[PDB]
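Each remark here refers to the structure printed beneath this line.
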Amino acid sequence: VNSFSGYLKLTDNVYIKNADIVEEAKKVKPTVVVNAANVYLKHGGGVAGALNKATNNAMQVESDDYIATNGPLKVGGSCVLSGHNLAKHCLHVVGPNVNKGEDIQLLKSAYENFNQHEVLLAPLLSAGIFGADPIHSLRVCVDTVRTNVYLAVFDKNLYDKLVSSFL
Ligand SMILES: CN(CCCC(=O)O)C(=O)c1ncnc2[nH]ccc12
């Protein structure tokens, strides 16, 4: 039993809710919140900009030190950093950005990072400003992640389409 509430169960291990991941994170304090990161951990907009704003820019300060030490992530890769006031940990995961021409096949590799964590609060990778089809992203999530994932979908309209079209 865990503290996530109001989710629709899609599969044995995947759950979905119309929610703001920032507000969902501040209420659950999950062990892991997933950020929709880029390779530079520049949290300017989308999910990343919202998560970072909610940390009063502490996520960005920590991220800049990470990059100065380690260099950029790989597309499809991840790193574990602090969750600040939102979660114990933040798993920064880089899905491919279609608006940069990145290979959508890397979306599966991105979701594989979730399997290193027993339970996660997450957005749909490569959705939103990353330019992928959220229905495809949901399919890859369900077919790749084996750990328990609670997906927060900000837009009520897209949420309804994702549920209604789910196979
Ligand atoms: C709406 N999108 C896609 C567009 C932005 C992006 O591409 O990051 C989200 O990712 C998302 N999901 C869950 N809660 C969220 N709160 C703010 C954005 C957000």
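Below, each value reflects all heavy atoms present in this structure, side chains not excepted, and no hydrogens, waters or symmetry copies. Along the sequence shown, residues carry numbers from 1. Both counts, for ligands and for their atoms, begin at 1 and track the order of listing.
- Under the 4.5 Å side-chain heavy-atom criterion for ILVMFWY residues, a single connected hydrophobic cluster contains both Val149 and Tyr111.
- The contact set between ligand 1 and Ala152, taken as ligand atoms under 4.0 Å from a residue heavy atom, comprises 12 (N), 13 (C).
- The nearest protein atom to atom 16 (N) of ligand 1, hydrogens excluded, is given as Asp20 OD1, 3.6 Å; this is a heavy-atom distance.
- In this structure a side-chain-to-backbone donor-acceptor pair under 3.5 Å is present from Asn99 to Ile129.
- The single protein non-hydrogen atom nearest to atom 7 (O) of ligand 1 is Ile129 N, 2.5 Å, given as residue, atom name and distance.
- Proximity of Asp155 to ligand 1 is not established, as no heavy-atom distance is less than 4.0 Å.
- Among all non-hydrogen protein atoms, the one lying nearest atom 5 (C) of ligand 1 is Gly46 CA, 3.4 Å.
- Applying the 4.0 Å criterion to heavy atoms of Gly128 picks out, from ligand 1, the atoms 3 (C), 4 (C), 5 (C), 6 (C), 7 (O).
- In this structure, of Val47, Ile21, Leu124, the residue bringing a heavy atom nearest to atom 8 (O) of ligand 1 is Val47.
- The main-chain N or O of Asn97 is found under 3.5 Å from a side-chain atom of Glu102 such that the two form a donor-acceptor pair.
- A ring-centre distance under 6.0 Å is not found for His89 and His117.
- Close approach of ligand 1 to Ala127 is summarised as follows: ligand atoms under 4.0 Å from at least one heavy atom of the residue are 3 (C), 6 (C), 7 (O).
- Using a distance-only test at 3.5 Å, with no hydrogens or angles considered, a donor-acceptor pair links the side chain of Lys17 to the main chain of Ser5.
- Counting all heavy atoms, side chain and backbone alike, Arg139 lies closest to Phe166 at NH1-CE1, 3.8 Å.
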